[PDB]
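Everything on this sheet refers to the single structure shown next.
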Amino acid sequence: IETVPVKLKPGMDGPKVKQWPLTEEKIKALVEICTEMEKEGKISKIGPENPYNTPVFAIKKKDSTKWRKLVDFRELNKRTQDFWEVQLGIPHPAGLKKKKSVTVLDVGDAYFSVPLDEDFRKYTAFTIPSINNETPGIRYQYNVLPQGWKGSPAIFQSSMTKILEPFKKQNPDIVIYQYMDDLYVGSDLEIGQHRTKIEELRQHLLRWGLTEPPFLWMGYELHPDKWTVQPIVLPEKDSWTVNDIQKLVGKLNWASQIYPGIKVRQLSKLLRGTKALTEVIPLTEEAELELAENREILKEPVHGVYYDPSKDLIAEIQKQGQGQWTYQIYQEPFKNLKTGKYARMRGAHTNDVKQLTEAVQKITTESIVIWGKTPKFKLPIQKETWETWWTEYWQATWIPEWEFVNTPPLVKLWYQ
Amino acid sequence: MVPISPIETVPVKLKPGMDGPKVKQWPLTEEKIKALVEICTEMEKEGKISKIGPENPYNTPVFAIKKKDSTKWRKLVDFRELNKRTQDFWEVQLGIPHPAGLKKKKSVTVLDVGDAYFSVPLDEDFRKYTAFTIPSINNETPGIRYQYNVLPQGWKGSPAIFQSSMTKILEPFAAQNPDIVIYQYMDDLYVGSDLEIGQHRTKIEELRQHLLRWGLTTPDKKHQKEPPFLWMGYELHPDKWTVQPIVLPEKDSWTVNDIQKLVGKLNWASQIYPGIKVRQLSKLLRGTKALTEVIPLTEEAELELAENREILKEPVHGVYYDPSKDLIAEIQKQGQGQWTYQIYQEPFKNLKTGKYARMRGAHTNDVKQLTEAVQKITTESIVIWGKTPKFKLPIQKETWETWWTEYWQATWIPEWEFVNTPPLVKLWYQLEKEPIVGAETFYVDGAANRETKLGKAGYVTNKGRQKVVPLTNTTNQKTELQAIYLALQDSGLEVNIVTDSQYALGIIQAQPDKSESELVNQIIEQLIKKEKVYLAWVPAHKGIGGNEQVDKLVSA
Ligand SMILES: C[N+]1(C)CCc2cc3c(cc2[C@H]1[C@@H]1OC(=O)c2c1ccc1c2OCO1)OCO3
Ligand SMILES: Cc1cc(/C=C/C#N)cc(C)c1Nc1ccnc(Nc2ccc(C#N)cc2)n1
């Protein structure tokens, strides 16, 4: 009811980010949504003395038929002060990634109950564009905590902690973690029991609300205890061709940057002659021993791997074909904190870009659960292709940072 | 008196840390002062400016300028300094409508709202920063001091504030009359509709009555302006549009400047004249910028220019957008990294045309450029029409499928159909996924000495075939490519090639069909002739044979 004073970081002005082009269906959706929000007092129209801007678009969340407004606050988020006044920060719960089931809730609607500092509102300006710029874009700013802004969970935190206390008190073993507009709720209960608890939890928010959210009802279920990782594995063969051995030596040379004691000397001697690539080459004793010794090394964890919360997480993705995608998350090269592989791209059979967009979202979710922040992506796609299309497939309420990889990595072969 | 609603002021600030302007008034002739005194007395009577006391410390210079072929003076206030100090505003005018996105109209009426502009009051707290001084005759009295009460012409905030104020005033009228469109440009309102003329005229009179609520009067005596309109370099007509006349000059010689202007006109023309080309002409402007330099036109530029003259020989027009119909975009390859397109709804009736040029870079291929053109057209179409057009592309469906499924990057183009109009985009080569049984295996290598620039490239094969060639003025990277080239040159229609060049793999895995490197082009030409090529990579210096042997032969 009283606003928390908020400021941008020293020597920084507000965001001035161009609105990207929106289709007719999305403009009509945003006009309908913003008219209602204005009526509810959540946003107000602004005049030309406000020069700031943040882009807006609209999405459909997974399994819903209603459009949701999504503001891309990435620039404002970078420019906004850090929030340590009341608390140093909520130690991320390491137990969350160990739970059998984690359900993700959209609790962003709760933020609209809190007014936003009057002096800060101008920096939340956004524009609903018109087709062909035929009419002036409709300009608004927020009067209340906006969805997608990093200050919202930070300011709302004391209110959230008070709302959830009886549930936490009644269910002390449940792990609850807030990230942006998301609430992550983990338990080790049988799913049926688990879902009822989730619904129990919803009732607290609803109850609190009425003292109506469009998306609280939904539930994204994760099972991080089942999340799967990718150690380095070598082929087991009875017959090795020159080509097979070349691939093996290549893979081992690469793996030797990750694991010190990997050796290729004896295997490499096999590739000494100048044999047809498809010719079968018997392994020497020395080579078999070296292969066996290498296999044993690869069963162990990588040395000197640690997470530093002061450093960026980096995520790389490779397209492997046939709907399959591999990825690695690291802070230091060759020191992977997580690796993985997807094949389950839902409804994206003839569309690579939709598959990649869905992979990015899944990886970001994993990242939030494990470390409580998003990685910077290296995407195997041309900028222009990504930037034309990703918003068509986006279903999350946050947006990570990304850069583009224009030269084919040789490494793709080694994660294949 | 009929009460009129006041216009709400937009609050205005100087930039943080900045104070208002304190600029010296220039001396003026006695004649100019008398002129300025008269004008300001008149402006003061009309309420635009007010005399101020000696307390105000700010000043902006004022000038009197002689209106050519007249004995009448005009006032000019030089707000350059105040403008540097004034906050940034939302500028609504940044994006102009593209004619191709407009809808046909039966009637478009123009209303002069020139009187309303000086009726927009200035934020009271900001007026002090607009102070100016009429010098006195002979400097024997204090100069006459004024400040503005309304948006001053030439001040940074006037266009945005004027436009936003008019929009807010017009909003209820537009909302409750969804059967007209209203567009503001400068001091005029344009009102279009499809109503029968009597009803359209009624709407105009109703708009005039609406505008009177804020005391903004318009001239009964109707505008001189009526369709067709000259606007932003276009001609707008009730049911078609075009660009203003494009006339390419005759010259015996061309300077840098002539050529920049030539390309500018062609670029402008290309939004409705199909097939315009500018590559060879633009190539002449490469790198050099003394505008007066005379550049001999290449034969290629002469050909391009002649082709453009033919394209431009008679008027071409676009039609307007019908939202009830699909949009269709068709693209053709023109050569030398150039692409051209048309967007239409009905056959032979373009809404607009345009072109796309290949991006700067080392290597490229036609499929990648076509893909880029599709994204460009898609984004342009979302801006202008709010939707993606259906594409008609000169690439077979099977070619696209093979391309995107095998390409190392994610890639996508939206709904499209093949159109069989040469030249077709095709894949010129496809590397094998597995080593080829029965094909000779060439182990290749090259190395160069970084000091002498001498090097060697060559191969050894499982058949005992071998070659080493000595090279001068070369580099490791070139010798690595030369070795692969030799293997392609000397092999049969099917070949396995084993290289340790990470550089060469990175190029070939990008699937170029053309390169800035002559050597890469020679390799591509060889690949095109083969039936099957498998390219295998191994790490250098690992005792890996064939490779190790050739390395020794080439590193000597
Ligand atoms: C910010 N407010 C106070 C509210 C809404 C609004 C929305 C705007 C705008 C100005 C304003 C101002 C204010 O509200 C008005 O209706 C208005 C405003 C300022 C100046 C005006 C106005 O109408 C005539 O001139 O420019 C274009 O979009
Ligand atoms: C952008 C614009 C410029 C001018 C005028 C600018 C100037 N000068 C006049 C109008 C009315 C508009 N606005 C819109 C909006 C939607 N359809 C149209 N169609 C349309 C406009 C003019 C003519 C004609 N003749 C025909 C159709 N115009």
Side-chain angles (χ1 to χ4, degrees), chain A residues 20-23 319 321-323 325 345 347-360 379-394 404-406 408, chain B residues 326-334 337-344 352-359 361 364-428 430 510-513:
Chain A
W20 58 72
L22 298 181
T23 56
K319 175 180 162 178
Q322 300 257 317
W325 301 82
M345 288 328 156
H349 183 223
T350 62
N351 189 334
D352 265 352
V353 175
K354 180 169 185 176
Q355 293 176 32
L356 177 62
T357 310
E358 299 177 347
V360 166
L379 298 177
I381 189 168
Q382 215 184 301
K383 173 174 181 74
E384 294 71 25
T385 302
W386 177 253
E387 298 183 345
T388 300
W389 297 108
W390 69 269
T391 64
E392 285 292 300
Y393 316 119
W394 200 257
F404 304 99
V405 176
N406 308 128
Chain B
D326 278 348
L327 288 160
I328 307 291
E330 191 165 359
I331 301 178
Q332 300 89 36
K333 176 179 171 191
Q334 297 178 294
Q338 304 173 107
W339 302 76
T340 192
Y341 65 90
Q342 307 83 45
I343 303 178
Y344 61 87
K352 74 184 301 288
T353 62
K355 56 180 174 65
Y356 176 71
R358 165 185 73 203
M359 296 293 93
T364 190
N365 83 36
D366 283 348
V367 185
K368 164 183 193 286
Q369 291 173 32
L370 178 60
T371 299
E372 286 162 14
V374 167
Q375 313 305 351
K376 173 185 190 295
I377 295 159
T378 291
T379 298
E380 173 174 282
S381 297
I382 302 316
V383 171
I384 297 176
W385 302 288
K387 72 192 183 186
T388 303
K390 295 173 175 183
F391 285 92
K392 295 326 180 172
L393 305 181
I395 183 175
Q396 294 272 16
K397 284 273 166 173
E398 178 179 349
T399 298
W400 175 246
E401 174 120 286
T402 294
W403 170 251
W404 78 258
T405 58
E406 297 297 342
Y407 190 49
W408 72 275
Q409 292 187 323
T411 188
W412 165 249
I413 58 171
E415 181 175 335
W416 70 276
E417 292 186 343
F418 169 59
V419 59
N420 184 16
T421 303
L424 302 188
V425 169
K426 56 178 262 175
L427 295 175
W428 289 88
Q430 295 175 42
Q511 303 193 44
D513 67 24

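Side chains included, hydrogens not; waters and symmetry mates left out as well; all remaining heavy atoms used. Chain A is the first sequence line, chain B the second, and so forth, proteins listed ahead of strands; every chain is numbered from 1.
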Shortest non-hydrogen contact from [X] to [Y]?
X: A:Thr388; Y: B:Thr379; result: OG1-OG1, 3.7 Å
X: B:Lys387; Y: B:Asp326; result: NZ-CA, 4.3 Å
X: B:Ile343; Y: B:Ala329; result: CG1-CB, 4.2 Å
X: B:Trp416; Y: B:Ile395; result: CZ3-O, 3.1 Å
X: A:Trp389; Y: B:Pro414; result: CZ2-CG, 3.6 Å
X: A:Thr357; Y: A:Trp390; result: CG2-O, 3.7 Å

Problem - Test side chain to side chain contact (heavy atoms under 4.5 Å, CB included) applied to B:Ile331 and B:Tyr356, step by step - result: CA-CA 10 Å; B:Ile331 301 178; B:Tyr356 176 71; over 6 Å; no
Would the distance check show the side chain of [X] and the main-chain N or O of [Y] forming a donor-acceptor pair, the cut-off being under 3.5 Å?
X: B:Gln375; Y: B:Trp412; answer: yes
X: B:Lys390; Y: B:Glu417; answer: no
X: A:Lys319; Y: B:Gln409; answer: yes
X: A:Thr385; Y: B:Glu372; answer: no
X: B:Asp366; Y: B:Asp513; answer: no
X: B:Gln369; Y: B:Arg358; answer: no

How far does [atom1] of [X] sit from [atom2] of [Y], to the nearest 0.5 angstrom?
X: B:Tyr344; Y: B:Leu327; atom1: OH; atom2: CG; value: 11.0 Å
X: B:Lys355; Y: B:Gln334; atom1: NZ; atom2: CD; value: 9.0 Å
X: B:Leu427; Y: B:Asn365; atom1: CG; atom2: CG; value: 8.0 Å
X: B:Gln332; Y: B:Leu393; atom1: CD; atom2: CG; value: 10.0 Å
X: B:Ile382; Y: B:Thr388; atom1: CD1; atom2: OG1; value: 3.5 Å
X: B:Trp339; Y: B:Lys376; atom1: CH2; atom2: NZ; value: 14.0 Å

Problem - Residue pairs involving residues 395-414 of chain B (criterion salt bridge (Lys or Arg N to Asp or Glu O under 4.0 Å); sequence neighbours excluded) - result: B:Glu406-B:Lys433
Exercise for the section: Decide if atom CH2 of B:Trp408 counts as having more than 12 heavy atoms of other residues, nucleotides or ligands within a radius under 6.0 Å. Expected result: yes
Practice task
Carefully, step by step, assess B:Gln511 and B:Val367 under the rule side chain to side chain contact (heavy atoms under 4.5 Å, CB included).
Solution key: CA-CA 10 Å; B:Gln511 303 193 44; B:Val367 185; over 6 Å; no
Exercise for the section: Could you tell me whether the side chain of A:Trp386 reaches within less than 4.5 Å of the side chain of A:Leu356, counting heavy atoms only? Expected result: yes
